[PDB]
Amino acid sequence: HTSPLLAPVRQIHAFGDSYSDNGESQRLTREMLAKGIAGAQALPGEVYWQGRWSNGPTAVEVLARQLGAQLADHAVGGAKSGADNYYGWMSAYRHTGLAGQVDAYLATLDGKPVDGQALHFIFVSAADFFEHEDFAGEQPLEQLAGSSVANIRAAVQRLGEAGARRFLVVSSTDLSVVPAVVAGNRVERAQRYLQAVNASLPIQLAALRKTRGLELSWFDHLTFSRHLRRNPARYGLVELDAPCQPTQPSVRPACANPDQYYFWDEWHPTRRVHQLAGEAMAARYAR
């Protein structure tokens, strides 16, 4: 039996990675390129919609529309759960990981309290895994997952410390079906990492919710995607595995029917999946 819906949301502060970013990586990388920062590249690049790492709005943008909330989206493509980014060259200009986004949000309040009614949305950890696999990190995956969990818990604790009361924390996504992971023959490694994050994180957040009297909702993105991918026709999806917009090894022309695709590029879902995800995330809240 379902429990009562949570109270309405009028403001979201979003923290996270390319699965949330609504233009910050684009703004920041244009700033970095203008300053001549070593190794800077324009992100996300040309085959993306208005600076989103997709062909349309991210899930948190759809969530805000569903709930009738304003969105302040701090997320940065590449953001890790700690201070920095998959793109190590950013560290010289700005700490854009979840911890860096939290620090910047708390430092820009301008002598105003944190809004205790605002929903603090946290969606991060994929870049921890992709960095580890792409650049041979030395942590066993179990230790990498423990650091991801610890980093996310520390972010909720630090936001709560400053006055945040309401949270929505997203689980690991199903990294094991991401086209770049399949092509890297890393499906088992992704399964092991995401299972360790998703078993431990909700246990840590439930303890912190009770200690600090938080409203904290956990969104199981893995259960969500398994249901979509087992019943694709129900949702108008046809192609679950091929990217609509190939980029590896090179950019090729986009598919004609993107709303029937799961993946936009080799890492990121389409606007269609972001829409279904944001609808699903809104399900715990009254409008």
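Throughout, we count residues from 1 along the sequence that is shown.
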property: Mean C-alpha temperature factor, higher of 111-119 and 67-75; result: 111-119
property: Residue stretch of maximal mean CA temperature factor, 251-259 vs 232-240; result: 251-259
property: Out of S91, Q157, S172, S176, highest CA B-factor residue; result: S91
property: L144 - which third its CA temperature factor falls in, relative to the rest of the chain; result: middle
property: Chain-relative CA temperature factor third for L106; result: highest
property: Among modelled residues of the same chain, the CA temperature factor third for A59; result: lowest
property: Ranked against its chain, the third holding the CA B-factor of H132; result: middle
property: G213, C-alpha B-factor rank within chain (lowest, middle or highest third); result: highest
